[PDB]
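> so I've got this experimental structure, pasted below with the sequence.
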Amino acid sequence: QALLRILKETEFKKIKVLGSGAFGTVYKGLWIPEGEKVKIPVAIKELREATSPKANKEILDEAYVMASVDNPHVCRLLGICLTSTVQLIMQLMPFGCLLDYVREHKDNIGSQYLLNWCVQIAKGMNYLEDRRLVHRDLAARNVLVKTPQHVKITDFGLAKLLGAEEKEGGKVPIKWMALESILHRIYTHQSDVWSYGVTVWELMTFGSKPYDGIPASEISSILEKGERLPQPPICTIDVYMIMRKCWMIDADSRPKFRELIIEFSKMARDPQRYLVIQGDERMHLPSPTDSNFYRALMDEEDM
Ligand SMILES: *CCC(=O)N1CCC(Oc2cc3c(Nc4ccc(Cl)c(Cl)c4F)ncnc3cc2OC)CC1
(Lines give C-alpha, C1' and ligand atoms only; values in the text may rest on other atoms or scores of the structure.)
Protein backbone atom coordinates (compact mmCIF):
# COMPACT_ATOMS: atom_id res chain seq x y z
CA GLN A 1 0.00 0.00 0.00
CA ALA A 2 1.28 3.43 -1.07
CA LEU A 3 -0.94 5.04 1.59
CA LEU A 4 1.49 4.40 4.48
CA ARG A 5 4.93 6.02 4.23
CA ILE A 6 7.64 4.52 6.43
CA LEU A 7 9.73 7.26 8.05
CA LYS A 8 13.21 7.38 9.56
CA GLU A 9 14.14 8.78 12.96
CA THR A 10 16.34 11.36 11.20
CA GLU A 11 13.58 12.85 9.01
CA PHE A 12 11.24 14.09 11.76
CA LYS A 13 11.64 15.70 15.17
CA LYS A 14 9.34 16.17 18.15
CA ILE A 15 9.43 19.81 19.22
CA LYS A 16 6.48 20.29 21.59
CA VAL A 17 4.18 17.99 23.55
CA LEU A 18 0.47 18.55 22.93
CA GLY A 19 -1.05 16.01 25.31
CA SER A 20 -1.28 12.39 26.36
CA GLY A 21 -4.08 9.84 26.42
CA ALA A 22 -4.94 6.18 26.68
CA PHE A 23 -3.07 5.31 23.48
CA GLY A 24 0.00 7.53 23.61
CA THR A 25 1.52 10.99 23.81
CA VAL A 26 0.94 13.55 21.05
CA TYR A 27 3.77 15.80 19.84
CA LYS A 28 3.73 18.66 17.38
CA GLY A 29 6.57 17.73 15.04
CA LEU A 30 8.51 18.92 12.01
CA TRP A 31 9.04 16.69 8.98
CA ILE A 32 12.35 17.33 7.20
CA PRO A 33 12.32 15.88 3.66
CA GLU A 34 15.55 14.32 2.42
CA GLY A 35 17.82 16.80 0.67
CA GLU A 36 15.54 19.77 1.36
CA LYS A 37 15.75 22.83 3.60
CA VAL A 38 12.08 23.02 4.61
CA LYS A 39 10.44 21.92 7.87
CA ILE A 40 6.88 20.62 7.56
CA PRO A 41 4.64 20.61 10.67
CA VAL A 42 3.15 17.21 11.51
CA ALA A 43 1.51 15.40 14.42
CA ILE A 44 3.27 12.51 16.17
CA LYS A 45 1.77 9.82 18.43
CA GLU A 46 4.24 7.86 20.58
CA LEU A 47 2.09 4.92 21.61
CA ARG A 48 2.06 2.93 24.86
CA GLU A 49 3.17 -0.73 24.92
CA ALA A 50 0.12 -2.74 26.04
CA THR A 51 -0.01 -4.42 22.64
CA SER A 52 -0.48 -8.13 23.60
CA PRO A 53 3.27 -9.02 23.29
CA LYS A 54 3.27 -9.96 19.57
CA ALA A 55 3.47 -7.82 16.42
CA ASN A 56 5.57 -5.85 13.86
CA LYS A 57 3.79 -7.93 11.26
CA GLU A 58 0.55 -7.08 13.11
CA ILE A 59 1.60 -3.47 13.82
CA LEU A 60 2.04 -2.90 10.09
CA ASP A 61 -1.09 -4.76 8.98
CA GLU A 62 -3.31 -2.50 11.08
CA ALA A 63 -1.44 0.61 9.92
CA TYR A 64 -2.17 -0.33 6.30
CA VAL A 65 -5.87 -0.37 7.19
CA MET A 66 -5.79 2.85 9.22
CA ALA A 67 -3.99 4.60 6.34
CA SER A 68 -6.63 3.60 3.76
CA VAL A 69 -9.55 5.76 4.93
CA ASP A 70 -10.65 8.33 2.31
CA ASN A 71 -13.48 10.43 3.75
CA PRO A 72 -13.51 14.19 4.47
CA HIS A 73 -14.56 13.63 8.11
CA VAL A 74 -12.17 10.77 8.98
CA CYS A 75 -8.51 11.36 9.76
CA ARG A 76 -6.09 9.31 7.66
CA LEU A 77 -2.89 7.83 9.06
CA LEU A 78 -0.02 9.16 6.95
CA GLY A 79 3.17 7.57 8.31
CA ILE A 80 4.70 5.29 10.92
CA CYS A 81 8.14 4.89 12.52
CA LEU A 82 8.93 1.45 13.99
CA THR A 83 11.65 2.03 16.59
CA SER A 84 11.77 1.44 20.34
CA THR A 85 8.37 3.15 20.17
CA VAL A 86 5.92 3.05 17.28
CA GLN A 87 5.55 6.68 16.22
CA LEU A 88 2.61 7.64 14.01
CA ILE A 89 2.56 10.72 11.79
CA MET A 90 -0.49 12.59 10.48
CA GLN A 91 -1.55 16.04 9.36
CA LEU A 92 -1.66 18.71 12.05
CA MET A 93 -5.03 20.11 13.19
CA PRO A 94 -4.06 23.40 14.89
CA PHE A 95 -7.52 23.89 16.45
CA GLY A 96 -7.20 20.78 18.63
CA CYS A 97 -9.94 18.42 19.72
CA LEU A 98 -13.65 19.23 19.63
CA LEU A 99 -14.07 18.73 23.39
CA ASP A 100 -11.55 21.44 24.28
CA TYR A 101 -12.86 23.70 21.51
CA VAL A 102 -16.45 23.42 22.73
CA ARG A 103 -15.32 24.03 26.32
CA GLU A 104 -13.28 27.14 25.49
CA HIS A 105 -15.97 28.65 23.23
CA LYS A 106 -19.01 27.28 25.08
CA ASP A 107 -20.62 30.75 25.06
CA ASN A 108 -19.83 31.36 21.36
CA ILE A 109 -21.25 28.21 19.74
CA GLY A 110 -24.54 28.43 17.87
CA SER A 111 -27.02 25.68 17.07
CA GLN A 112 -25.99 25.67 13.40
CA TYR A 113 -22.45 24.74 14.44
CA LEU A 114 -23.62 22.11 16.94
CA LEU A 115 -26.02 20.46 14.49
CA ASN A 116 -23.47 20.50 11.65
CA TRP A 117 -20.80 18.90 13.85
CA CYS A 118 -23.18 16.02 14.57
CA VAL A 119 -23.88 15.57 10.85
CA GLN A 120 -20.16 15.48 10.09
CA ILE A 121 -19.28 13.09 12.93
CA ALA A 122 -22.15 10.87 11.79
CA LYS A 123 -20.90 11.01 8.20
CA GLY A 124 -17.44 9.98 9.38
CA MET A 125 -18.84 7.10 11.43
CA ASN A 126 -21.08 5.94 8.58
CA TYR A 127 -17.95 5.66 6.42
CA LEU A 128 -16.28 3.25 8.85
CA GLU A 129 -19.50 1.16 8.96
CA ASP A 130 -19.41 0.68 5.17
CA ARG A 131 -15.66 -0.13 5.35
CA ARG A 132 -16.62 -2.54 8.17
CA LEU A 133 -14.46 -0.76 10.74
CA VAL A 134 -15.51 -0.41 14.38
CA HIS A 135 -14.08 2.64 16.14
CA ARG A 136 -14.52 1.44 19.78
CA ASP A 137 -13.48 4.82 21.26
CA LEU A 138 -15.78 7.48 19.79
CA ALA A 139 -15.84 10.56 22.01
CA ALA A 140 -15.67 14.34 21.86
CA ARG A 141 -11.99 14.09 22.78
CA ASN A 142 -11.32 12.03 19.63
CA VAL A 143 -13.00 14.52 17.27
CA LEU A 144 -10.47 16.96 15.84
CA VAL A 145 -11.32 20.44 14.58
CA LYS A 146 -9.72 21.13 11.21
CA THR A 147 -11.71 24.35 10.89
CA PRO A 148 -14.65 25.40 13.10
CA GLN A 149 -16.83 24.38 10.11
CA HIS A 150 -15.08 21.04 9.48
CA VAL A 151 -14.45 18.36 12.11
CA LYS A 152 -12.88 14.93 11.66
CA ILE A 153 -12.87 11.68 13.62
CA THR A 154 -9.48 10.42 14.77
CA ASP A 155 -7.86 7.75 16.98
CA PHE A 156 -9.32 4.86 14.95
CA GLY A 157 -7.95 1.30 14.93
CA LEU A 158 -5.81 2.12 17.96
CA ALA A 159 -7.93 -0.53 19.75
CA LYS A 160 -5.41 -3.25 18.74
CA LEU A 161 -2.97 -2.01 21.42
CA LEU A 162 -4.62 -1.47 24.83
CA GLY A 163 -7.16 -3.62 26.66
CA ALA A 164 -6.03 -5.07 30.00
CA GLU A 165 -8.60 -5.87 32.70
CA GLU A 166 -8.64 -2.15 33.62
CA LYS A 167 -12.39 -2.07 32.94
CA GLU A 168 -12.99 -2.48 36.71
CA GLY A 169 -10.66 7.38 35.90
CA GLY A 170 -8.99 4.59 33.95
CA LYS A 171 -7.91 3.67 30.43
CA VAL A 172 -10.94 2.01 28.83
CA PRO A 173 -13.85 4.48 28.26
CA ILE A 174 -16.55 2.98 30.48
CA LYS A 175 -18.89 5.98 30.41
CA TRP A 176 -18.89 6.07 26.58
CA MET A 177 -19.40 2.33 25.95
CA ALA A 178 -22.64 0.50 25.27
CA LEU A 179 -23.98 -1.87 27.91
CA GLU A 180 -23.02 -5.00 25.95
CA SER A 181 -19.48 -3.63 25.56
CA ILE A 182 -19.09 -3.23 29.33
CA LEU A 183 -20.57 -6.62 30.25
CA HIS A 184 -19.45 -8.84 27.35
CA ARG A 185 -16.87 -6.75 25.42
CA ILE A 186 -19.10 -6.81 22.33
CA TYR A 187 -17.97 -4.06 19.93
CA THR A 188 -20.28 -3.52 16.95
CA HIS A 189 -21.36 -0.61 14.78
CA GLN A 190 -24.46 -0.37 16.98
CA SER A 191 -22.30 0.05 20.09
CA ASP A 192 -20.58 2.89 18.24
CA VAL A 193 -24.04 4.44 17.89
CA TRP A 194 -24.13 4.41 21.70
CA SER A 195 -20.80 6.25 21.82
CA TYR A 196 -22.14 8.71 19.25
CA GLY A 197 -25.06 9.48 21.56
CA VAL A 198 -22.71 10.26 24.43
CA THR A 199 -20.55 12.37 22.11
CA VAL A 200 -23.65 14.34 21.07
CA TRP A 201 -24.47 14.72 24.77
CA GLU A 202 -20.98 16.11 25.36
CA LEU A 203 -21.44 18.68 22.59
CA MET A 204 -24.93 19.76 23.69
CA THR A 205 -23.70 20.19 27.29
CA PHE A 206 -20.71 22.30 26.11
CA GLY A 207 -18.11 19.84 27.37
CA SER A 208 -19.66 18.47 30.56
CA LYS A 209 -18.44 15.14 31.93
CA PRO A 210 -20.95 12.27 31.59
CA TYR A 211 -22.08 10.72 34.88
CA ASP A 212 -19.90 13.18 36.76
CA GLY A 213 -18.98 11.87 40.20
CA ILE A 214 -20.19 8.31 39.48
CA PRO A 215 -17.59 5.51 39.73
CA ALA A 216 -16.98 3.81 36.39
CA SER A 217 -17.38 0.43 38.14
CA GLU A 218 -21.04 1.31 38.85
CA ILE A 219 -22.10 2.65 35.43
CA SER A 220 -23.33 -0.74 34.22
CA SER A 221 -25.48 -1.00 37.35
CA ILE A 222 -27.22 2.35 36.86
CA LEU A 223 -27.76 1.57 33.17
CA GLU A 224 -29.44 -1.78 33.82
CA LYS A 225 -31.79 0.07 36.18
CA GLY A 226 -32.69 2.34 33.25
CA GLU A 227 -30.79 5.52 34.13
CA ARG A 228 -29.45 7.55 31.20
CA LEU A 229 -27.75 10.90 30.72
CA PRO A 230 -30.11 13.81 31.49
CA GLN A 231 -31.59 16.15 28.92
CA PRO A 232 -29.27 19.11 28.27
CA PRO A 233 -30.89 22.53 28.81
CA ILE A 234 -30.44 23.63 25.17
CA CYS A 235 -31.94 20.45 23.68
CA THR A 236 -35.52 20.28 22.52
CA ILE A 237 -37.28 16.97 23.02
CA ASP A 238 -36.77 15.96 19.37
CA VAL A 239 -33.00 15.96 19.84
CA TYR A 240 -33.10 14.28 23.26
CA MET A 241 -35.28 11.47 21.88
CA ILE A 242 -32.49 10.74 19.39
CA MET A 243 -29.95 10.51 22.21
CA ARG A 244 -32.22 8.18 24.20
CA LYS A 245 -32.70 5.89 21.19
CA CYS A 246 -28.92 5.55 20.83
CA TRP A 247 -28.78 4.23 24.42
CA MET A 248 -31.37 1.47 24.12
CA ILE A 249 -30.33 -1.83 25.67
CA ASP A 250 -31.27 -3.59 22.42
CA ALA A 251 -28.48 -2.71 19.99
CA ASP A 252 -30.64 -3.51 16.95
CA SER A 253 -33.24 -0.93 18.06
CA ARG A 254 -30.69 1.89 18.08
CA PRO A 255 -30.68 4.06 14.94
CA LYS A 256 -28.19 3.50 12.15
CA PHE A 257 -25.66 6.17 11.25
CA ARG A 258 -27.36 6.52 7.85
CA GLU A 259 -30.54 7.48 9.72
CA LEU A 260 -28.75 9.85 12.10
CA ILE A 261 -27.25 11.73 9.13
CA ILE A 262 -30.67 12.36 7.58
CA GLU A 263 -32.36 13.47 10.80
CA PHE A 264 -29.58 15.82 11.92
CA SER A 265 -29.40 17.25 8.40
CA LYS A 266 -33.14 17.95 8.59
CA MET A 267 -32.67 19.71 11.93
CA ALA A 268 -29.70 21.71 10.61
CA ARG A 269 -31.87 23.33 7.92
CA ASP A 270 -33.94 24.86 10.76
CA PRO A 271 -31.47 24.98 13.65
CA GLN A 272 -33.34 27.32 16.02
CA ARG A 273 -36.37 25.00 16.04
CA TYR A 274 -34.53 22.04 17.57
CA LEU A 275 -31.88 23.68 19.81
CA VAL A 276 -32.75 26.39 22.34
CA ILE A 277 -29.73 28.62 23.00
CA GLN A 278 -30.31 31.97 24.72
CA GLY A 279 -29.81 34.40 21.85
CA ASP A 280 -28.85 31.81 19.19
CA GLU A 281 -29.63 34.45 16.52
CA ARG A 282 -26.19 36.09 16.16
CA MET A 283 -24.04 32.94 16.13
CA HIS A 284 -24.10 32.18 12.37
CA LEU A 285 -21.99 30.08 10.03
CA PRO A 286 -19.23 32.15 8.40
CA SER A 287 -20.04 34.07 5.24
CA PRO A 288 -18.91 32.75 1.82
CA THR A 289 -16.13 35.31 2.18
CA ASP A 290 -14.62 33.79 5.33
CA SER A 291 -15.22 30.16 4.30
CA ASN A 292 -13.27 30.70 1.08
CA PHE A 293 -10.56 32.31 3.22
CA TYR A 294 -10.45 29.39 5.67
CA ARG A 295 -10.43 26.71 2.96
CA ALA A 296 -7.69 28.42 0.93
CA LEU A 297 -5.50 28.55 4.05
CA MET A 298 -6.33 25.38 6.00
CA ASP A 299 -8.83 23.11 4.23
CA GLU A 300 -8.32 22.47 0.51
CA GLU A 301 -9.81 18.96 0.51
CA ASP A 302 -13.10 18.19 -1.23
CA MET A 303 -15.47 18.58 1.72
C1 LIG B 1 -9.90 16.78 23.63
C2 LIG B 1 -8.73 16.78 24.29
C3 LIG B 1 -7.52 15.85 23.98
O4 LIG B 1 -7.74 14.64 23.97
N5 LIG B 1 -6.18 16.33 23.72
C6 LIG B 1 -5.78 17.75 23.69
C7 LIG B 1 -5.55 18.22 22.24
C8 LIG B 1 -4.71 17.24 21.34
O9 LIG B 1 -3.67 17.93 20.64
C10 LIG B 1 -3.70 17.78 19.26
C11 LIG B 1 -3.76 16.51 18.68
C12 LIG B 1 -3.80 16.27 17.26
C13 LIG B 1 -3.87 14.93 16.60
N14 LIG B 1 -3.91 13.70 17.35
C15 LIG B 1 -3.63 12.37 16.79
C16 LIG B 1 -4.52 11.26 16.86
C17 LIG B 1 -4.19 9.99 16.30
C18 LIG B 1 -2.95 9.82 15.65
CL19 LIG B 1 -2.54 8.22 14.94
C20 LIG B 1 -2.05 10.88 15.56
CL21 LIG B 1 -0.47 10.71 14.75
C22 LIG B 1 -2.37 12.15 16.12
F23 LIG B 1 -1.54 13.12 16.04
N24 LIG B 1 -3.89 14.81 15.25
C25 LIG B 1 -3.85 15.98 14.49
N26 LIG B 1 -3.79 17.23 14.98
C27 LIG B 1 -3.76 17.40 16.39
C28 LIG B 1 -3.69 18.73 17.00
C29 LIG B 1 -3.66 18.96 18.38
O30 LIG B 1 -3.59 20.22 18.97
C31 LIG B 1 -3.51 21.37 18.12
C32 LIG B 1 -4.16 16.00 22.14
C33 LIG B 1 -4.97 15.50 23.41
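That came in fine, so what should we check first? Residues are numbered from 1 along each chain as shown.

> nearest to the ligand: which residue in the stretch 151-300 of the chain?
residue 154 (4.4 Å; C-beta to the nearest ligand atom). The way it works is simple: take the backbone N, C-alpha and C, and place the C-beta from them, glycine included.

> not counting its neighbours along the chain, what's nearest that residue?
residue 75 (4.1 Å; C-beta to C-beta, 6 or more residues apart in numbering).

> swap in residue 240?
Once flanking residues are discounted, residue 240 sits nearest to residue 231: 4.5 Å by C-beta to C-beta, 6+ apart.

> how close does the closest residue to residue 256 other than its chain neighbours get to residue 127?
Spatially, and ignoring its direct neighbours in sequence, residue 256 is nearest to residue 193 (7.3 Å; C-beta to C-beta, 6+ apart). As for residue 193, its distance to residue 127 is 14 Å (criterion: C-beta to C-beta, to the nearest Å).

> same question, residue 29
From residue 29 to residue 127 the distance is 27 Å (C-beta to C-beta).

> who has more neighbours out of the two?
residue 29 (22 against 18; other C-beta atoms under 10 Å).

> using the three-state scheme, assign that one.
strand (DSSP: H, G, I helix; E, B strand; the rest coil).

> name the element the closest residue in space to it that isn't next to it in sequence belongs to?
Nearest residue to residue 29 in three dimensions, chain neighbours excluded: residue 44, at 4.3 Å (C-beta to C-beta, 6+ apart). For residue 44, the element it lies in under DSSP states H and E is strand 40-47.

> who in the protein is up against the ligand?
With C-beta under 6 Å from any ligand atom as the criterion, the chain meets the ligand at residues 18-19, 21, 26, 43-45, 77, 88-90, 92-94, 96-97, 99-100, 141, 144, 154-155.

> try it again at 5 Å.
Within the chain, the positions near the ligand by C-beta under 5 Å from any ligand atom are 18-19, 26, 43, 45, 88, 90, 92-93, 96-97, 99-100, 141, 154-155.

> can I see the domain layout of this protein?
As recorded under CATH domains of a matching chain, the domains making up the chain are 5-91, 96-296.

> show me where the stretch 51-200 of the chain has strands.
In the stretch 51-200 of the chain, the strands defined using DSSP state E, counting those that start in this stretch lie at 79-82, 86-90, 143-147, 150-153.

> which residues are contacting the first one?
The list of residues contacting strand 79-82 from outside it, by C-beta atoms under 8 Å, 6 or more residues apart in numbering, reads 4-9, 12, 42, 56, 59-60, 63, 86-90.

> now with 6 Å?
In this structure, residues lying in contact with strand 79-82 by C-beta atoms under 6 Å, 6 or more residues apart in numbering are 5, 7, 63, 87, 88, 89.

> same question, stretch 17-27
Counting by C-beta under 6 Å, 6+ apart, 14, 28, 44, 45, 46, 47, 48, 158, 171 sit against stretch 17-27.

> now the two most distant members of those.
28 and 171 (23.9 Å; C-beta to C-beta).

> state the helix or strand in which the residue lying farthest from the centre of the chain lies.
In the chain, counting by C-alpha atoms, centre = their mean, residue 35 sits farthest out from the average C-alpha position, at 35.9 Å. If you go by DSSP H and E, residue 35 is not part of any helix or strand.
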